[PDB]
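What follows is a set of notes on a single structure, which appears directly below.
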Amino acid sequence: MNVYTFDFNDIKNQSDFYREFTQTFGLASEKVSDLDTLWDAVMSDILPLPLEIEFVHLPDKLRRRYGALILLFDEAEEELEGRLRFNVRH
């Protein structure tokens, strides 16, 4: 599994994450712009599955702030039955 890393030092708000996601994964900007479209992307067989996503540099405060992203990737991991791995480091 290749590991795709999101460093939250480069992300100042949840909306920046959607830009980082589409840039990282080589997707059109309009592919992801909110939680529902993020879910659809992760479920639509357009990512280079199987793969791991890792979040780094997430202080407690920011893990809380971005908790909807975390729960979404936890649920994606469950739904995808092992094809997607998700971890928050530290």
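In the structure tokens, each chain is lettered A, B, ... as it comes, each chain's residues begin at 1, and ligands are numbered from 1 in order of appearance.
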
Find the residues around residue A:17 up to 10 Å (only C-alpha atoms counted), leave out those fewer than 3 positions away in its own chain, and share them as a PyMOL selection string. chain A and resi 6-8+10-14+20-23+32-34+66+69

Could the residues in this selection be written to a file with N, CA, C and O atoms, as a PDB file, in the first residue's frame?
```pdb
ATOM      1  N   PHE A   6      -1.237  13.709   4.450  1.00  0.00           N
ATOM      2  CA  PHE A   6      -1.781  15.040   4.587  1.00  0.00           C
ATOM      3  C   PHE A   6      -1.195  15.652   5.842  1.00  0.00           C
ATOM      4  O   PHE A   6      -1.452  15.187   6.963  1.00  0.00           O
ATOM      5  N   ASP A   7      -0.413  16.702   5.642  1.00  0.00           N
ATOM      6  CA  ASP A   7       0.243  17.405   6.715  1.00  0.00           C
ATOM      7  C   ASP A   7      -0.598  18.628   7.037  1.00  0.00           C
ATOM      8  O   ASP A   7      -0.701  19.557   6.253  1.00  0.00           O
ATOM      9  N   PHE A   8      -1.197  18.627   8.206  1.00  0.00           N
ATOM     10  CA  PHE A   8      -2.140  19.702   8.520  1.00  0.00           C
ATOM     11  C   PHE A   8      -1.509  21.069   8.776  1.00  0.00           C
ATOM     12  O   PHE A   8      -2.214  22.079   8.833  1.00  0.00           O
ATOM     13  N   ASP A  10      -0.104  22.521   6.456  1.00  0.00           N
ATOM     14  CA  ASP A  10      -0.431  23.161   5.199  1.00  0.00           C
ATOM     15  C   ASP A  10      -1.919  23.427   5.004  1.00  0.00           C
ATOM     16  O   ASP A  10      -2.318  23.922   3.934  1.00  0.00           O
ATOM     17  N   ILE A  11      -2.733  23.108   6.010  1.00  0.00           N
ATOM     18  CA  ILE A  11      -4.188  23.182   5.940  1.00  0.00           C
ATOM     19  C   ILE A  11      -4.691  24.101   7.058  1.00  0.00           C
ATOM     20  O   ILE A  11      -4.600  23.748   8.230  1.00  0.00           O
ATOM     21  N   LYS A  12      -5.232  25.273   6.719  1.00  0.00           N
ATOM     22  CA  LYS A  12      -5.692  26.202   7.774  1.00  0.00           C
ATOM     23  C   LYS A  12      -7.172  26.146   8.076  1.00  0.00           C
ATOM     24  O   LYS A  12      -7.628  26.728   9.060  1.00  0.00           O
ATOM     25  N   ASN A  13      -7.921  25.427   7.243  1.00  0.00           N
ATOM     26  CA  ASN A  13      -9.327  25.196   7.499  1.00  0.00           C
ATOM     27  C   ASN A  13      -9.789  23.955   6.758  1.00  0.00           C
ATOM     28  O   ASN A  13      -9.098  23.418   5.887  1.00  0.00           O
ATOM     29  N   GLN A  14     -10.964  23.467   7.124  1.00  0.00           N
ATOM     30  CA  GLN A  14     -11.445  22.232   6.536  1.00  0.00           C
ATOM     31  C   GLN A  14     -11.551  22.345   4.996  1.00  0.00           C
ATOM     32  O   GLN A  14     -11.246  21.395   4.274  1.00  0.00           O
ATOM     33  N   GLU A  20      -6.367  20.243  -0.944  1.00  0.00           N
ATOM     34  CA  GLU A  20      -5.215  19.344  -0.786  1.00  0.00           C
ATOM     35  C   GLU A  20      -5.549  17.946  -1.291  1.00  0.00           C
ATOM     36  O   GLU A  20      -4.730  17.268  -1.894  1.00  0.00           O
ATOM     37  N   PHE A  21      -6.767  17.489  -0.995  1.00  0.00           N
ATOM     38  CA  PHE A  21      -7.200  16.160  -1.418  1.00  0.00           C
ATOM     39  C   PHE A  21      -7.245  16.047  -2.936  1.00  0.00           C
ATOM     40  O   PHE A  21      -6.678  15.109  -3.487  1.00  0.00           O
ATOM     41  N   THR A  22      -7.898  17.003  -3.614  1.00  0.00           N
ATOM     42  CA  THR A  22      -7.983  16.902  -5.064  1.00  0.00           C
ATOM     43  C   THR A  22      -6.607  17.073  -5.724  1.00  0.00           C
ATOM     44  O   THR A  22      -6.274  16.348  -6.657  1.00  0.00           O
ATOM     45  N   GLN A  23      -5.760  17.936  -5.171  1.00  0.00           N
ATOM     46  CA  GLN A  23      -4.408  18.111  -5.705  1.00  0.00           C
ATOM     47  C   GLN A  23      -3.561  16.853  -5.501  1.00  0.00           C
ATOM     48  O   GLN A  23      -2.904  16.365  -6.432  1.00  0.00           O
ATOM     49  N   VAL A  32     -14.321  17.517  -5.316  1.00  0.00           N
ATOM     50  CA  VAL A  32     -14.556  17.515  -3.864  1.00  0.00           C
ATOM     51  C   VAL A  32     -14.601  18.943  -3.323  1.00  0.00           C
ATOM     52  O   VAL A  32     -13.619  19.706  -3.468  1.00  0.00           O
ATOM     53  N   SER A  33     -15.696  19.288  -2.662  1.00  0.00           N
ATOM     54  CA  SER A  33     -15.846  20.636  -2.097  1.00  0.00           C
ATOM     55  C   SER A  33     -16.600  20.681  -0.787  1.00  0.00           C
ATOM     56  O   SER A  33     -16.842  21.766  -0.246  1.00  0.00           O
ATOM     57  N   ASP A  34     -16.970  19.511  -0.256  1.00  0.00           N
ATOM     58  CA  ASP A  34     -17.722  19.408   0.990  1.00  0.00           C
ATOM     59  C   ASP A  34     -17.678  17.948   1.433  1.00  0.00           C
ATOM     60  O   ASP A  34     -17.062  17.117   0.737  1.00  0.00           O
ATOM     61  N   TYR A  66     -11.375  19.293  12.997  1.00  0.00           N
ATOM     62  CA  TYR A  66     -11.518  18.535  11.785  1.00  0.00           C
ATOM     63  C   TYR A  66     -12.080  17.134  12.016  1.00  0.00           C
ATOM     64  O   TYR A  66     -11.921  16.259  11.179  1.00  0.00           O
ATOM     65  N   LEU A  69     -13.794  15.116   9.239  1.00  0.00           N
ATOM     66  CA  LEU A  69     -12.932  14.450   8.250  1.00  0.00           C
ATOM     67  C   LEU A  69     -12.453  13.123   8.797  1.00  0.00           C
ATOM     68  O   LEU A  69     -12.420  12.111   8.084  1.00  0.00           O
TER      69      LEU A  69
END
```

Env of stretch 35-52 of chain A: 6 Å cut, atoms = only C-alpha atoms, seq-sep filter 6 positions within chain, self excluded. Answer as a ChimeraX atom specification. /A:1-3,83-86

Write the residues of the preceding selection, restricted to C-alpha atoms, as a compact mmCIF listing (two decimals), in the first residue's frame.
```txt
# COMPACT_ATOMS: atom_id res chain seq x y z
CA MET A 1 0.00 0.00 0.00
CA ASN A 2 1.18 3.45 -0.95
CA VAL A 3 0.77 6.02 1.79
CA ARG A 83 -8.92 -1.50 0.56
CA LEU A 84 -8.54 1.85 2.24
CA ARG A 85 -6.47 2.21 5.42
CA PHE A 86 -6.74 5.44 7.46
```

Hey, which of A:70, A:27, A:80, A:88 ends up closest to residue A:54? Count only C-alpha atoms.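 Comparing A:70, A:27, A:80, A:88 against residue A:54, the winner is A:88.
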
So what do you get for atom CA of residue A:16 versus atom CA of residue A:57, distance-wise? 14.9 Å

DSSP on the backbone: which residues in chain A end up as helix (DSSP H, G or I)? Give the answer as JSON, numbers by chain. {"A": [8, 9, 10, 14, 15, 16, 17, 18, 19, 20, 21, 22, 23, 24, 29, 30, 31, 35, 36, 37, 38, 39, 40, 41, 42, 43, 60, 61, 62, 63, 64, 65, 67, 68, 69, 70, 71, 72, 73, 74, 75, 76, 77, 78, 79]}

Members of chain A assigned strand (DSSP E or B) by DSSP, as number ranges by chain: A: 2-7, 51-56, 84-88

Save out the residues we just selected, C-alpha atoms, as a PDB file, in the first residue's frame.
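In the end it all went to selection.pdb:
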```pdb
ATOM      1  CA  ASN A   2       1.181   3.449  -0.953  1.00  0.00           C
ATOM      2  CA  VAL A   3       0.770   6.022   1.788  1.00  0.00           C
ATOM      3  CA  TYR A   4      -0.760   9.385   0.971  1.00  0.00           C
ATOM      4  CA  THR A   5       0.130  11.900   3.632  1.00  0.00           C
ATOM      5  CA  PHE A   6      -1.781  15.040   4.587  1.00  0.00           C
ATOM      6  CA  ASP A   7       0.243  17.405   6.715  1.00  0.00           C
ATOM      7  CA  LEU A  51      -4.087   2.730  -0.466  1.00  0.00           C
ATOM      8  CA  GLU A  52      -3.430   4.249   2.946  1.00  0.00           C
ATOM      9  CA  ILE A  53      -4.224   7.812   3.968  1.00  0.00           C
ATOM     10  CA  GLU A  54      -2.300   9.277   6.868  1.00  0.00           C
ATOM     11  CA  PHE A  55      -2.890  12.566   8.701  1.00  0.00           C
ATOM     12  CA  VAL A  56       0.150  14.096  10.369  1.00  0.00           C
ATOM     13  CA  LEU A  84      -8.536   1.853   2.236  1.00  0.00           C
ATOM     14  CA  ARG A  85      -6.468   2.211   5.420  1.00  0.00           C
ATOM     15  CA  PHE A  86      -6.741   5.438   7.456  1.00  0.00           C
ATOM     16  CA  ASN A  87      -4.545   6.582  10.331  1.00  0.00           C
ATOM     17  CA  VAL A  88      -4.035   9.749  12.286  1.00  0.00           C
TER      18      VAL A  88
END
```
